[PDB]
Each structure stands twice: as structure tokens, then as C-alpha cells.
$ cat run12.cif   # mmCIF, N, CA and C atoms; chains and numbers go by the auth columns
data_work
loop_
_atom_site.group_PDB
_atom_site.id
_atom_site.type_symbol
_atom_site.label_atom_id
_atom_site.label_comp_id
_atom_site.label_asym_id
_atom_site.label_seq_id
_atom_site.Cartn_x
_atom_site.Cartn_y
_atom_site.Cartn_z
_atom_site.B_iso_or_equiv
_atom_site.auth_seq_id
_atom_site.auth_asym_id
ATOM 1 N N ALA A 1 0.777 -1.211 0.000 0.00 2 A
ATOM 2 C CA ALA A 1 0.000 0.000 0.000 0.00 2 A
ATOM 3 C C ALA A 1 0.807 1.256 0.000 0.00 2 A
ATOM 4 N N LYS A 2 2.127 1.190 -0.056 0.00 3 A
ATOM 5 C CA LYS A 2 2.969 2.274 -0.475 0.00 3 A
ATOM 6 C C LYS A 2 2.531 2.910 -1.782 0.00 3 A
ATOM 7 N N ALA A 3 2.043 2.125 -2.734 0.00 4 A
ATOM 8 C CA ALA A 3 1.444 2.505 -3.989 0.00 4 A
ATOM 9 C C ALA A 3 0.017 3.014 -3.929 0.00 4 A
ATOM 10 N N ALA A 4 -0.619 3.031 -2.767 0.00 5 A
ATOM 11 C CA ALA A 4 -2.052 3.171 -2.688 0.00 5 A
ATOM 12 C C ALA A 4 -2.594 4.531 -3.086 0.00 5 A
ATOM 13 N N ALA A 5 -2.018 5.641 -2.643 0.00 6 A
ATOM 14 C CA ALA A 5 -2.421 6.952 -3.080 0.00 6 A
ATOM 15 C C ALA A 5 -2.456 7.077 -4.591 0.00 6 A
ATOM 16 N N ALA A 6 -1.405 6.653 -5.275 0.00 7 A
ATOM 17 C CA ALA A 6 -1.260 6.612 -6.706 0.00 7 A
ATOM 18 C C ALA A 6 -2.296 5.759 -7.402 0.00 7 A
ATOM 19 N N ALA A 7 -2.720 4.636 -6.833 0.00 8 A
ATOM 20 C CA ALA A 7 -3.724 3.804 -7.445 0.00 8 A
ATOM 21 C C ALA A 7 -5.123 4.352 -7.268 0.00 8 A
ATOM 22 N N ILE A 8 -5.436 4.698 -6.026 0.00 9 A
ATOM 23 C CA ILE A 8 -6.758 4.992 -5.526 0.00 9 A
ATOM 24 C C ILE A 8 -7.221 6.364 -5.983 0.00 9 A
ATOM 25 N N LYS A 9 -6.309 7.321 -6.103 0.00 10 A
ATOM 26 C CA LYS A 9 -6.613 8.678 -6.498 0.00 10 A
ATOM 27 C C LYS A 9 -6.998 8.787 -7.962 0.00 10 A
ATOM 28 N N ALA A 10 -6.608 7.813 -8.770 0.00 11 A
ATOM 29 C CA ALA A 10 -7.240 7.617 -10.054 0.00 11 A
ATOM 30 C C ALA A 10 -8.636 7.058 -9.859 0.00 11 A
ATOM 31 N N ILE A 11 -8.791 5.873 -9.271 0.00 12 A
ATOM 32 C CA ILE A 11 -10.048 5.161 -9.297 0.00 12 A
ATOM 33 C C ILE A 11 -11.160 5.901 -8.579 0.00 12 A
ATOM 34 N N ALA A 12 -10.956 6.483 -7.399 0.00 13 A
ATOM 35 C CA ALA A 12 -12.032 7.201 -6.762 0.00 13 A
ATOM 36 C C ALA A 12 -12.489 8.432 -7.524 0.00 13 A
ATOM 37 N N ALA A 13 -11.618 9.037 -8.323 0.00 14 A
ATOM 38 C CA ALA A 13 -11.962 10.131 -9.202 0.00 14 A
ATOM 39 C C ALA A 13 -12.677 9.684 -10.460 0.00 14 A
ATOM 40 N N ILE A 14 -12.278 8.552 -11.013 0.00 15 A
ATOM 41 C CA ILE A 14 -12.910 7.906 -12.136 0.00 15 A
ATOM 42 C C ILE A 14 -14.271 7.355 -11.756 0.00 15 A
ATOM 43 N N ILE A 15 -14.443 6.830 -10.549 0.00 16 A
ATOM 44 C CA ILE A 15 -15.674 6.468 -9.890 0.00 16 A
ATOM 45 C C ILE A 15 -16.698 7.579 -9.824 0.00 16 A
ATOM 46 N N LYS A 16 -16.274 8.762 -9.390 0.00 17 A
ATOM 47 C CA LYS A 16 -17.081 9.957 -9.344 0.00 17 A
ATOM 48 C C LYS A 16 -17.561 10.359 -10.724 0.00 17 A
ATOM 49 N N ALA A 17 -16.833 10.049 -11.787 0.00 18 A
ATOM 50 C CA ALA A 17 -17.256 10.282 -13.143 0.00 18 A
ATOM 51 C C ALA A 17 -18.166 9.191 -13.666 0.00 18 A
ATOM 52 N N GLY A 18 -17.810 7.938 -13.458 0.00 19 A
ATOM 53 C CA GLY A 18 -18.521 6.776 -13.928 0.00 19 A
ATOM 54 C C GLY A 18 -19.882 6.568 -13.315 0.00 19 A
ATOM 55 N N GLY A 19 -19.950 6.695 -12.006 0.00 20 A
ATOM 56 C CA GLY A 19 -21.176 6.494 -11.291 0.00 20 A
ATOM 57 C C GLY A 19 -21.441 5.063 -10.915 0.00 20 A
ATOM 58 N N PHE A 20 -20.442 4.369 -10.432 0.00 21 A
ATOM 59 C CA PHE A 20 -20.436 2.972 -10.081 0.00 21 A
ATOM 60 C C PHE A 20 -21.352 2.585 -8.958 0.00 21 A
ATOM 61 N N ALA B 1 -21.213 1.268 -14.938 0.00 24 B
ATOM 62 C CA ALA B 1 -20.203 0.257 -15.138 0.00 24 B
ATOM 63 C C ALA B 1 -19.553 0.269 -16.501 0.00 24 B
ATOM 64 N N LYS B 2 -19.965 1.153 -17.400 0.00 25 B
ATOM 65 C CA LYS B 2 -19.241 1.519 -18.585 0.00 25 B
ATOM 66 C C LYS B 2 -17.782 1.834 -18.345 0.00 25 B
ATOM 67 N N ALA B 3 -17.478 2.434 -17.217 0.00 26 B
ATOM 68 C CA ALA B 3 -16.176 2.828 -16.738 0.00 26 B
ATOM 69 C C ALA B 3 -15.354 1.713 -16.122 0.00 26 B
ATOM 70 N N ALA B 4 -15.858 0.486 -16.034 0.00 27 B
ATOM 71 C CA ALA B 4 -15.297 -0.560 -15.209 0.00 27 B
ATOM 72 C C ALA B 4 -14.202 -1.405 -15.815 0.00 27 B
ATOM 73 N N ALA B 5 -13.712 -1.095 -17.006 0.00 28 B
ATOM 74 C CA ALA B 5 -12.368 -1.421 -17.413 0.00 28 B
ATOM 75 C C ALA B 5 -11.412 -0.297 -17.086 0.00 28 B
ATOM 76 N N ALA B 6 -11.726 0.896 -17.578 0.00 29 B
ATOM 77 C CA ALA B 6 -10.928 2.091 -17.503 0.00 29 B
ATOM 78 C C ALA B 6 -10.554 2.495 -16.088 0.00 29 B
ATOM 79 N N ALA B 7 -11.444 2.361 -15.119 0.00 30 B
ATOM 80 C CA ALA B 7 -11.127 2.681 -13.751 0.00 30 B
ATOM 81 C C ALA B 7 -10.211 1.668 -13.103 0.00 30 B
ATOM 82 N N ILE B 8 -10.391 0.424 -13.493 0.00 31 B
ATOM 83 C CA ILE B 8 -9.778 -0.749 -12.915 0.00 31 B
ATOM 84 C C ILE B 8 -8.371 -0.900 -13.464 0.00 31 B
ATOM 85 N N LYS B 9 -8.143 -0.595 -14.737 0.00 32 B
ATOM 86 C CA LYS B 9 -6.837 -0.554 -15.347 0.00 32 B
ATOM 87 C C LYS B 9 -5.931 0.394 -14.585 0.00 32 B
ATOM 88 N N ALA B 10 -6.446 1.512 -14.122 0.00 33 B
ATOM 89 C CA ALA B 10 -5.741 2.496 -13.333 0.00 33 B
ATOM 90 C C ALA B 10 -5.514 2.145 -11.874 0.00 33 B
ATOM 91 N N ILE B 11 -5.899 0.959 -11.417 0.00 34 B
ATOM 92 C CA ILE B 11 -5.477 0.348 -10.181 0.00 34 B
ATOM 93 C C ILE B 11 -4.825 -1.004 -10.391 0.00 34 B
ATOM 94 N N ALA B 12 -5.338 -1.919 -11.205 0.00 35 B
ATOM 95 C CA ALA B 12 -4.791 -3.252 -11.284 0.00 35 B
ATOM 96 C C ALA B 12 -3.385 -3.317 -11.847 0.00 35 B
ATOM 97 N N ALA B 13 -3.023 -2.358 -12.686 0.00 36 B
ATOM 98 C CA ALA B 13 -1.693 -2.199 -13.219 0.00 36 B
ATOM 99 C C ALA B 13 -0.716 -1.592 -12.235 0.00 36 B
ATOM 100 N N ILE B 14 -1.252 -0.898 -11.244 0.00 37 B
ATOM 101 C CA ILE B 14 -0.517 -0.276 -10.170 0.00 37 B
ATOM 102 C C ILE B 14 -0.392 -1.225 -8.991 0.00 37 B
ATOM 103 N N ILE B 15 -1.417 -2.019 -8.687 0.00 38 B
ATOM 104 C CA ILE B 15 -1.398 -3.184 -7.831 0.00 38 B
ATOM 105 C C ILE B 15 -0.265 -4.126 -8.183 0.00 38 B
ATOM 106 N N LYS B 16 -0.098 -4.430 -9.463 0.00 39 B
ATOM 107 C CA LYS B 16 0.981 -5.218 -10.010 0.00 39 B
ATOM 108 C C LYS B 16 2.356 -4.737 -9.597 0.00 39 B
ATOM 109 N N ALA B 17 2.577 -3.435 -9.512 0.00 40 B
ATOM 110 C CA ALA B 17 3.773 -2.842 -8.977 0.00 40 B
ATOM 111 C C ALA B 17 3.790 -2.813 -7.460 0.00 40 B
ATOM 112 N N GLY B 18 2.719 -2.386 -6.802 0.00 41 B
ATOM 113 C CA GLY B 18 2.623 -2.176 -5.378 0.00 41 B
ATOM 114 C C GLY B 18 2.684 -3.436 -4.541 0.00 41 B
ATOM 115 N N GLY B 19 1.912 -4.453 -4.859 0.00 42 B
ATOM 116 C CA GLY B 19 1.834 -5.662 -4.071 0.00 42 B
ATOM 117 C C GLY B 19 0.867 -5.550 -2.916 0.00 42 B
ATOM 118 N N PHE B 20 -0.307 -4.986 -3.138 0.00 43 B
ATOM 119 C CA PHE B 20 -1.276 -4.582 -2.165 0.00 43 B
ATOM 120 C C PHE B 20 -1.810 -5.730 -1.362 0.00 43 B
ATOM 121 N N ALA C 1 -17.302 -6.859 -15.385 0.00 68 C
ATOM 122 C CA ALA C 1 -18.018 -6.006 -14.470 0.00 68 C
ATOM 123 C C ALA C 1 -19.227 -6.675 -13.860 0.00 68 C
ATOM 124 N N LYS C 2 -19.481 -7.950 -14.129 0.00 69 C
ATOM 125 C CA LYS C 2 -20.299 -8.831 -13.338 0.00 69 C
ATOM 126 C C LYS C 2 -20.032 -8.755 -11.849 0.00 69 C
ATOM 127 N N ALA C 3 -18.771 -8.540 -11.500 0.00 70 C
ATOM 128 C CA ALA C 3 -18.242 -8.388 -10.172 0.00 70 C
ATOM 129 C C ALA C 3 -18.243 -6.960 -9.670 0.00 70 C
ATOM 130 N N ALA C 4 -18.602 -5.966 -10.469 0.00 71 C
ATOM 131 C CA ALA C 4 -18.369 -4.581 -10.146 0.00 71 C
ATOM 132 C C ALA C 4 -19.077 -4.105 -8.900 0.00 71 C
ATOM 133 N N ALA C 5 -20.373 -4.346 -8.749 0.00 72 C
ATOM 134 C CA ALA C 5 -21.107 -3.934 -7.579 0.00 72 C
ATOM 135 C C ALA C 5 -20.615 -4.592 -6.310 0.00 72 C
ATOM 136 N N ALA C 6 -19.956 -5.706 -6.384 0.00 73 C
ATOM 137 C CA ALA C 6 -19.279 -6.389 -5.311 0.00 73 C
ATOM 138 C C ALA C 6 -17.909 -5.825 -5.016 0.00 73 C
ATOM 139 N N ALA C 7 -17.170 -5.316 -5.979 0.00 74 C
ATOM 140 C CA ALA C 7 -15.881 -4.724 -5.726 0.00 74 C
ATOM 141 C C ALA C 7 -16.028 -3.295 -5.254 0.00 74 C
ATOM 142 N N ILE C 8 -16.734 -2.507 -6.062 0.00 75 C
ATOM 143 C CA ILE C 8 -16.753 -1.066 -5.973 0.00 75 C
ATOM 144 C C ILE C 8 -17.488 -0.633 -4.719 0.00 75 C
ATOM 145 N N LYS C 9 -18.612 -1.274 -4.431 0.00 76 C
ATOM 146 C CA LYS C 9 -19.503 -0.819 -3.387 0.00 76 C
ATOM 147 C C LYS C 9 -18.971 -1.124 -2.002 0.00 76 C
ATOM 148 N N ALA C 10 -18.101 -2.125 -1.882 0.00 77 C
ATOM 149 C CA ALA C 10 -17.195 -2.251 -0.770 0.00 77 C
ATOM 150 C C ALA C 10 -16.139 -1.168 -0.807 0.00 77 C
ATOM 151 N N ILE C 11 -15.329 -1.080 -1.858 0.00 78 C
ATOM 152 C CA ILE C 11 -14.116 -0.299 -1.829 0.00 78 C
ATOM 153 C C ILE C 11 -14.358 1.196 -1.731 0.00 78 C
ATOM 154 N N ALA C 12 -15.365 1.766 -2.388 0.00 79 C
ATOM 155 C CA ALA C 12 -15.642 3.176 -2.234 0.00 79 C
ATOM 156 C C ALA C 12 -16.188 3.555 -0.872 0.00 79 C
ATOM 157 N N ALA C 13 -16.837 2.623 -0.182 0.00 80 C
ATOM 158 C CA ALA C 13 -17.256 2.810 1.188 0.00 80 C
ATOM 159 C C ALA C 13 -16.142 2.630 2.202 0.00 80 C
ATOM 160 N N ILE C 14 -15.251 1.679 1.938 0.00 81 C
ATOM 161 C CA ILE C 14 -14.030 1.452 2.677 0.00 81 C
ATOM 162 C C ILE C 14 -13.100 2.640 2.526 0.00 81 C
ATOM 163 N N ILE C 15 -12.967 3.220 1.336 0.00 82 C
ATOM 164 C CA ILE C 15 -12.334 4.489 1.067 0.00 82 C
ATOM 165 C C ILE C 15 -12.863 5.658 1.873 0.00 82 C
ATOM 166 N N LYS C 16 -14.183 5.795 1.908 0.00 83 C
ATOM 167 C CA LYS C 16 -14.898 6.750 2.719 0.00 83 C
ATOM 168 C C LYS C 16 -14.521 6.662 4.178 0.00 83 C
ATOM 169 N N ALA C 17 -14.208 5.481 4.675 0.00 84 C
ATOM 170 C CA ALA C 17 -13.725 5.227 6.006 0.00 84 C
ATOM 171 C C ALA C 17 -12.227 5.371 6.153 0.00 84 C
ATOM 172 N N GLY C 18 -11.453 4.970 5.165 0.00 85 C
ATOM 173 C CA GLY C 18 -10.010 5.021 5.169 0.00 85 C
ATOM 174 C C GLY C 18 -9.438 6.402 4.962 0.00 85 C
ATOM 175 N N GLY C 19 -9.621 6.973 3.783 0.00 86 C
ATOM 176 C CA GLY C 19 -8.967 8.166 3.338 0.00 86 C
ATOM 177 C C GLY C 19 -7.719 7.885 2.548 0.00 86 C
ATOM 178 N N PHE C 20 -7.807 7.068 1.514 0.00 87 C
ATOM 179 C CA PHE C 20 -6.740 6.415 0.818 0.00 87 C
ATOM 180 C C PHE C 20 -5.818 7.337 0.085 0.00 87 C
ATOM 181 N N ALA D 1 -4.501 5.038 3.904 0.00 46 D
ATOM 182 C CA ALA D 1 -4.161 3.756 3.351 0.00 46 D
ATOM 183 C C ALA D 1 -3.980 2.667 4.379 0.00 46 D
ATOM 184 N N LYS D 2 -4.207 2.967 5.653 0.00 47 D
ATOM 185 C CA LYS D 2 -4.372 2.035 6.740 0.00 47 D
ATOM 186 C C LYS D 2 -5.406 0.959 6.467 0.00 47 D
ATOM 187 N N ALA D 3 -6.428 1.268 5.689 0.00 48 D
ATOM 188 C CA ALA D 3 -7.455 0.374 5.224 0.00 48 D
ATOM 189 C C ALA D 3 -7.107 -0.441 3.995 0.00 48 D
ATOM 190 N N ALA D 4 -5.998 -0.132 3.331 0.00 49 D
ATOM 191 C CA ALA D 4 -5.789 -0.505 1.953 0.00 49 D
ATOM 192 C C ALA D 4 -5.439 -1.955 1.671 0.00 49 D
ATOM 193 N N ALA D 5 -4.642 -2.594 2.516 0.00 50 D
ATOM 194 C CA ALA D 5 -4.402 -4.018 2.482 0.00 50 D
ATOM 195 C C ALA D 5 -5.700 -4.785 2.644 0.00 50 D
ATOM 196 N N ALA D 6 -6.432 -4.522 3.723 0.00 51 D
ATOM 197 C CA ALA D 6 -7.706 -5.138 4.006 0.00 51 D
ATOM 198 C C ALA D 6 -8.798 -4.799 3.015 0.00 51 D
ATOM 199 N N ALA D 7 -8.686 -3.731 2.241 0.00 52 D
ATOM 200 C CA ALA D 7 -9.581 -3.452 1.141 0.00 52 D
ATOM 201 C C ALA D 7 -9.236 -4.338 -0.040 0.00 52 D
ATOM 202 N N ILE D 8 -7.997 -4.273 -0.505 0.00 53 D
ATOM 203 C CA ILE D 8 -7.602 -4.786 -1.795 0.00 53 D
ATOM 204 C C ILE D 8 -7.277 -6.269 -1.758 0.00 53 D
ATOM 205 N N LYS D 9 -7.020 -6.850 -0.589 0.00 54 D
ATOM 206 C CA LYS D 9 -6.879 -8.283 -0.474 0.00 54 D
ATOM 207 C C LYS D 9 -8.182 -9.026 -0.655 0.00 54 D
ATOM 208 N N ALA D 10 -9.314 -8.349 -0.507 0.00 55 D
ATOM 209 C CA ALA D 10 -10.568 -8.689 -1.136 0.00 55 D
ATOM 210 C C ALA D 10 -10.574 -8.290 -2.598 0.00 55 D
ATOM 211 N N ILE D 11 -10.411 -7.013 -2.922 0.00 56 D
ATOM 212 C CA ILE D 11 -10.761 -6.492 -4.224 0.00 56 D
ATOM 213 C C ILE D 11 -9.923 -7.036 -5.368 0.00 56 D
ATOM 214 N N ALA D 12 -8.626 -7.272 -5.179 0.00 57 D
ATOM 215 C CA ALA D 12 -7.816 -7.919 -6.188 0.00 57 D
ATOM 216 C C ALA D 12 -8.242 -9.342 -6.489 0.00 57 D
ATOM 217 N N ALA D 13 -8.793 -10.073 -5.526 0.00 58 D
ATOM 218 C CA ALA D 13 -9.297 -11.423 -5.627 0.00 58 D
ATOM 219 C C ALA D 13 -10.677 -11.466 -6.254 0.00 58 D
ATOM 220 N N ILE D 14 -11.473 -10.422 -6.057 0.00 59 D
ATOM 221 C CA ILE D 14 -12.752 -10.133 -6.666 0.00 59 D
ATOM 222 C C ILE D 14 -12.532 -9.692 -8.100 0.00 59 D
ATOM 223 N N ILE D 15 -11.466 -8.963 -8.428 0.00 60 D
ATOM 224 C CA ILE D 15 -10.975 -8.752 -9.771 0.00 60 D
ATOM 225 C C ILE D 15 -10.559 -10.023 -10.487 0.00 60 D
ATOM 226 N N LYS D 16 -9.824 -10.907 -9.825 0.00 61 D
ATOM 227 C CA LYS D 16 -9.480 -12.219 -10.323 0.00 61 D
ATOM 228 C C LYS D 16 -10.676 -13.123 -10.546 0.00 61 D
ATOM 229 N N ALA D 17 -11.810 -12.906 -9.886 0.00 62 D
ATOM 230 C CA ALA D 17 -13.084 -13.524 -10.140 0.00 62 D
ATOM 231 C C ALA D 17 -13.863 -12.853 -11.246 0.00 62 D
ATOM 232 N N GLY D 18 -13.871 -11.528 -11.301 0.00 63 D
ATOM 233 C CA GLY D 18 -14.529 -10.750 -12.321 0.00 63 D
ATOM 234 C C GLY D 18 -13.902 -10.850 -13.696 0.00 63 D
ATOM 235 N N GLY D 19 -12.666 -10.452 -13.853 0.00 64 D
ATOM 236 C CA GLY D 19 -11.984 -10.232 -15.096 0.00 64 D
ATOM 237 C C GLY D 19 -12.110 -8.821 -15.637 0.00 64 D
ATOM 238 N N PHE D 20 -12.104 -7.814 -14.780 0.00 65 D
ATOM 239 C CA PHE D 20 -12.390 -6.430 -15.030 0.00 65 D
ATOM 240 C C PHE D 20 -11.645 -5.817 -16.182 0.00 65 D
#

$ encode --input "run12.cif" --output "C-alpha cells"
Amino acid sequence: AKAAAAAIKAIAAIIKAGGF
Amino acid sequence: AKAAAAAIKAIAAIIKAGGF
Amino acid sequence: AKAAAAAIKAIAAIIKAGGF
Amino acid sequence: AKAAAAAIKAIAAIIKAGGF
């Protein structure tokens, strides 16, 4: 999870666009 | 769920590096 | 994305609790 | 990201079930 900010900050923003 | 490749590519490829 | 509502609806709520 | 191992150790396996 050292990588987690980098992974998640894409997906939660893409989520807000997608409407999952 | 139209977004559910595109969002996931932006984590699963980073997971591959991170080792979450 | 058969799995999407099972992945996302956990993880975005877990995010809401975490602060990733 | 304190939540992130316990999030994604589900979600990566749910991805491996889905095929996202």
C-alpha cells in the first residue's frame, strides 16, 4: 500500500465520473 | 459500469507494482 | 463487471472510512 | 491507506473472479 495513493486517487476520481 | 475497465486498469496495473 | 457492484460498493465505502 | 491491504486483499481477488 505504499502505492495506494497513486492507485486509488485515479479510481475514486474515475468512480465519481462513472457512477459505479 | 461503462467505466469498469478504464477505472480498474488504473489500479490493477498499479497493484501489479505495489503488491497490495 | 459482473463483479463490479461487489468490488466497488465495498471499496468506495471502505475508502470513505479510510482516506486512501 | 491504513485500510488498503484489508480493502484490496478482497478487491484484487474479486478482480481475479470478475476479469475487469

$ closest_atom_pairs --input "run12.cif" --of "chain C" --to "chain B" --cutoff "8 Å" --atoms "all atoms listed in the file" --output "CSV"
residue,atom,partner,partner_atom,distance
C:68,CA,B:27,C,6.1
C:71,CA,B:27,CA,7.2
C:72,N,B:24,CA,7.9

$ select_by_dssp --input "run12.cif" --residues "chain C" --states "helix (DSSP H, G or I)" --output "PyMOL selection string"
chain C and resi 71-85

$ write_last_selection --input "run12.cif" --atoms "N, CA and C atoms" --output "compact mmCIF listing (two decimals), in the coordinates of the input"
# COMPACT_ATOMS: atom_id res chain seq x y z
N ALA C 71 -18.60 -5.97 -10.47
CA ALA C 71 -18.37 -4.58 -10.15
C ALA C 71 -19.08 -4.11 -8.90
N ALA C 72 -20.37 -4.35 -8.75
CA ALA C 72 -21.11 -3.93 -7.58
C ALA C 72 -20.62 -4.59 -6.31
N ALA C 73 -19.96 -5.71 -6.38
CA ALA C 73 -19.28 -6.39 -5.31
C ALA C 73 -17.91 -5.82 -5.02
N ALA C 74 -17.17 -5.32 -5.98
CA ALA C 74 -15.88 -4.72 -5.73
C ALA C 74 -16.03 -3.30 -5.25
N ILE C 75 -16.73 -2.51 -6.06
CA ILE C 75 -16.75 -1.07 -5.97
C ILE C 75 -17.49 -0.63 -4.72
N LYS C 76 -18.61 -1.27 -4.43
CA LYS C 76 -19.50 -0.82 -3.39
C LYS C 76 -18.97 -1.12 -2.00
N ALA C 77 -18.10 -2.12 -1.88
CA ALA C 77 -17.20 -2.25 -0.77
C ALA C 77 -16.14 -1.17 -0.81
N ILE C 78 -15.33 -1.08 -1.86
CA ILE C 78 -14.12 -0.30 -1.83
C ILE C 78 -14.36 1.20 -1.73
N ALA C 79 -15.36 1.77 -2.39
CA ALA C 79 -15.64 3.18 -2.23
C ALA C 79 -16.19 3.56 -0.87
N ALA C 80 -16.84 2.62 -0.18
CA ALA C 80 -17.26 2.81 1.19
C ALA C 80 -16.14 2.63 2.20
N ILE C 81 -15.25 1.68 1.94
CA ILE C 81 -14.03 1.45 2.68
C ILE C 81 -13.10 2.64 2.53
N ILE C 82 -12.97 3.22 1.34
CA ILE C 82 -12.33 4.49 1.07
C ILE C 82 -12.86 5.66 1.87
N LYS C 83 -14.18 5.80 1.91
CA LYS C 83 -14.90 6.75 2.72
C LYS C 83 -14.52 6.66 4.18
N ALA C 84 -14.21 5.48 4.68
CA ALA C 84 -13.72 5.23 6.01
C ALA C 84 -12.23 5.37 6.15
N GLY C 85 -11.45 4.97 5.16
CA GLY C 85 -10.01 5.02 5.17
C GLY C 85 -9.44 6.40 4.96

$ calpha_fit_and_write --input "run12.cif" --fixed "chain D" --moving "chain A" --output "mmCIF file with N, CA and C atoms, in the coordinates of the input"
data_model
loop_
_atom_site.group_PDB
_atom_site.id
_atom_site.type_symbol
_atom_site.label_atom_id
_atom_site.label_comp_id
_atom_site.auth_asym_id
_atom_site.auth_seq_id
_atom_site.Cartn_x
_atom_site.Cartn_y
_atom_site.Cartn_z
ATOM 1 N N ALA A 2 -4.611 4.935 4.104
ATOM 2 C CA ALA A 2 -4.175 3.670 3.575
ATOM 3 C C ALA A 2 -3.729 2.686 4.606
ATOM 4 N N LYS A 3 -3.810 2.995 5.889
ATOM 5 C CA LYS A 3 -3.817 2.029 6.950
ATOM 6 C C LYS A 3 -4.809 0.901 6.734
ATOM 7 N N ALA A 4 -5.977 1.185 6.173
ATOM 8 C CA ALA A 4 -7.011 0.276 5.746
ATOM 9 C C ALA A 4 -6.768 -0.459 4.443
ATOM 10 N N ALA A 5 -5.675 -0.197 3.742
ATOM 11 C CA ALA A 5 -5.546 -0.589 2.360
ATOM 12 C C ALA A 5 -5.430 -2.082 2.118
ATOM 13 N N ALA A 6 -4.622 -2.824 2.863
ATOM 14 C CA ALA A 6 -4.561 -4.258 2.750
ATOM 15 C C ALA A 6 -5.927 -4.909 2.845
ATOM 16 N N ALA A 7 -6.721 -4.547 3.841
ATOM 17 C CA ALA A 7 -8.073 -4.981 4.075
ATOM 18 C C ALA A 7 -9.024 -4.656 2.946
ATOM 19 N N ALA A 8 -8.892 -3.517 2.276
ATOM 20 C CA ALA A 8 -9.758 -3.175 1.176
ATOM 21 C C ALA A 8 -9.392 -3.899 -0.101
ATOM 22 N N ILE A 9 -8.107 -3.844 -0.428
ATOM 23 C CA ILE A 9 -7.531 -4.206 -1.700
ATOM 24 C C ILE A 9 -7.466 -5.715 -1.859
ATOM 25 N N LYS A 10 -7.239 -6.446 -0.775
ATOM 26 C CA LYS A 10 -7.123 -7.887 -0.785
ATOM 27 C C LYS A 10 -8.450 -8.578 -1.039
ATOM 28 N N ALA A 11 -9.554 -7.891 -0.788
ATOM 29 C CA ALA A 11 -10.821 -8.291 -1.354
ATOM 30 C C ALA A 11 -10.834 -7.996 -2.842
ATOM 31 N N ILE A 12 -10.707 -6.738 -3.261
ATOM 32 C CA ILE A 12 -10.982 -6.352 -4.626
ATOM 33 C C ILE A 12 -10.043 -7.004 -5.623
ATOM 34 N N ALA A 13 -8.734 -7.081 -5.395
ATOM 35 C CA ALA A 13 -7.879 -7.733 -6.355
ATOM 36 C C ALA A 13 -8.149 -9.219 -6.514
ATOM 37 N N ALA A 14 -8.682 -9.874 -5.489
ATOM 38 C CA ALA A 14 -9.111 -11.252 -5.556
ATOM 39 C C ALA A 14 -10.443 -11.430 -6.253
ATOM 40 N N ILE A 15 -11.366 -10.508 -6.041
ATOM 41 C CA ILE A 15 -12.643 -10.439 -6.705
ATOM 42 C C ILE A 15 -12.481 -10.080 -8.169
ATOM 43 N N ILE A 16 -11.540 -9.212 -8.522
ATOM 44 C CA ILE A 16 -11.050 -8.901 -9.843
ATOM 45 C C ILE A 16 -10.588 -10.102 -10.637
ATOM 46 N N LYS A 17 -9.761 -10.945 -10.026
ATOM 47 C CA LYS A 17 -9.289 -12.186 -10.591
ATOM 48 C C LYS A 17 -10.433 -13.134 -10.887
ATOM 49 N N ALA A 18 -11.539 -13.075 -10.160
ATOM 50 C CA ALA A 18 -12.721 -13.849 -10.435
ATOM 51 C C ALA A 18 -13.596 -13.221 -11.498
ATOM 52 N N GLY A 19 -13.850 -11.930 -11.404
ATOM 53 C CA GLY A 19 -14.702 -11.177 -12.290
ATOM 54 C C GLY A 19 -14.199 -11.049 -13.705
ATOM 55 N N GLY A 20 -12.931 -10.721 -13.838
ATOM 56 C CA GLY A 20 -12.331 -10.536 -15.127
ATOM 57 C C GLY A 20 -12.490 -9.150 -15.686
ATOM 58 N N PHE A 21 -12.290 -8.143 -14.875
ATOM 59 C CA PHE A 21 -12.461 -6.742 -15.161
ATOM 60 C C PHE A 21 -11.548 -6.181 -16.210
#

$ build_atoms --input "run12.cif" --residues "stretch 6-14 of chain A" --atoms "N, CA, C and O atoms" --output "PDB file, keeping the file's coordinate frame"
ATOM      1  N   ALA A   6      -2.018   5.641  -2.643  1.00  0.00           N
ATOM      2  CA  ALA A   6      -2.421   6.952  -3.080  1.00  0.00           C
ATOM      3  C   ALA A   6      -2.456   7.077  -4.591  1.00  0.00           C
ATOM      4  O   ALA A   6      -3.465   7.438  -5.148  1.00  0.00           O
ATOM      5  N   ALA A   7      -1.405   6.653  -5.275  1.00  0.00           N
ATOM      6  CA  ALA A   7      -1.260   6.612  -6.706  1.00  0.00           C
ATOM      7  C   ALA A   7      -2.296   5.759  -7.402  1.00  0.00           C
ATOM      8  O   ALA A   7      -2.748   6.128  -8.472  1.00  0.00           O
ATOM      9  N   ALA A   8      -2.720   4.636  -6.833  1.00  0.00           N
ATOM     10  CA  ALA A   8      -3.724   3.804  -7.445  1.00  0.00           C
ATOM     11  C   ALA A   8      -5.123   4.352  -7.268  1.00  0.00           C
ATOM     12  O   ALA A   8      -5.910   4.464  -8.184  1.00  0.00           O
ATOM     13  N   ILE A   9      -5.436   4.698  -6.026  1.00  0.00           N
ATOM     14  CA  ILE A   9      -6.758   4.992  -5.526  1.00  0.00           C
ATOM     15  C   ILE A   9      -7.221   6.364  -5.983  1.00  0.00           C
ATOM     16  O   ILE A   9      -8.402   6.533  -6.258  1.00  0.00           O
ATOM     17  N   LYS A  10      -6.309   7.321  -6.103  1.00  0.00           N
ATOM     18  CA  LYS A  10      -6.613   8.678  -6.498  1.00  0.00           C
ATOM     19  C   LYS A  10      -6.998   8.787  -7.962  1.00  0.00           C
ATOM     20  O   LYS A  10      -7.698   9.709  -8.342  1.00  0.00           O
ATOM     21  N   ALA A  11      -6.608   7.813  -8.770  1.00  0.00           N
ATOM     22  CA  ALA A  11      -7.240   7.617 -10.054  1.00  0.00           C
ATOM     23  C   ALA A  11      -8.636   7.058  -9.859  1.00  0.00           C
ATOM     24  O   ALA A  11      -9.617   7.692 -10.223  1.00  0.00           O
ATOM     25  N   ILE A  12      -8.791   5.873  -9.271  1.00  0.00           N
ATOM     26  CA  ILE A  12     -10.048   5.161  -9.297  1.00  0.00           C
ATOM     27  C   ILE A  12     -11.160   5.901  -8.579  1.00  0.00           C
ATOM     28  O   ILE A  12     -12.222   6.032  -9.175  1.00  0.00           O
ATOM     29  N   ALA A  13     -10.956   6.483  -7.399  1.00  0.00           N
ATOM     30  CA  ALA A  13     -12.032   7.201  -6.762  1.00  0.00           C
ATOM     31  C   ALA A  13     -12.489   8.432  -7.524  1.00  0.00           C
ATOM     32  O   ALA A  13     -13.648   8.797  -7.415  1.00  0.00           O
ATOM     33  N   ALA A  14     -11.618   9.037  -8.323  1.00  0.00           N
ATOM     34  CA  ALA A  14     -11.962  10.131  -9.202  1.00  0.00           C
ATOM     35  C   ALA A  14     -12.677   9.684 -10.460  1.00  0.00           C
ATOM     36  O   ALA A  14     -13.622  10.317 -10.890  1.00  0.00           O
TER      37      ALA A  14
END
